[PDB]
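Each chain, letter by letter, is given below.
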Amino acid sequence: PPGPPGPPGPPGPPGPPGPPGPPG
Amino acid sequence: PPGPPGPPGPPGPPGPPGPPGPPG
Amino acid sequence: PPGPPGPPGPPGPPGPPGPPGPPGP
């Protein structure tokens, strides 16, 4: 019969940049 | 035969901080 | 005997947005 499932894949990439801070 | 692929990897890390806010 | 293991899974999803920037000048 088939072998076991493979391991989990690699982590996804970093997320997008955060929003700008509030005015000065 | 070979097993099925593993599951997707974990989510990536958070994105970088956003830029400074506008001038006051 | 059973087969060899399968291959690694696909990449995970992107992480979430980073934190807000600091206050402006």
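Cut-offs and rules
Residues numbered from 1 in each chain as written, not as in the entry; some residues may be left out. Chains lettered and ligands numbered in written order. Heavy atoms only, no water. Buried < 20%, exposed > 50% of the residue type's maximum accessible area, 1.4 Å probe, protein only. Contact = heavy atoms within 4.5 Å. Buried area = accessible area lost by both parts, 1.4 Å probe. Salt bridge = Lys/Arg side-chain N within 4 Å of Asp/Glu carboxyl O. Polar contact = N/O pair within 3.5 Å; in protein donor to acceptor, adjacent residues only side chain to side chain. Nonpolar A, V, L, I, M, F, W, Y, C, P; charged D, E, K, R; others polar.

Structure determination for this entry, per the PDB record, employed X-ray crystallography and reached 1.22 Å resolution.

### With respect to the environment of A:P11
We classify A:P11 as exposed; its relative accessible area is 52%. Sequence spacing of A:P11 and A:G24 is 13 residues, and the spatial spacing of their C-alpha atoms is 37 Å. Beyond its immediate sequence surroundings of up to four residues, A:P11 is in contact with B:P10, C:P11 and C:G12.

### With respect to the interface of chain A and chain C
On the side of chain C, 25 residues touch chain A, which itself brings 24 residues to the contact. Summed over both partners, the interface of chain A with chain C buries about 1400 Å², with 58% contributed by carbon and sulfur atoms. Linking chain A with chain C are zero salt bridges, by the criterion used here. Linking chain A to chain C there are eight residue pairs in polar contact. In terms of residue class, the side of chain A that touches chain C is made up of 16 nonpolar, eight polar and no charged.

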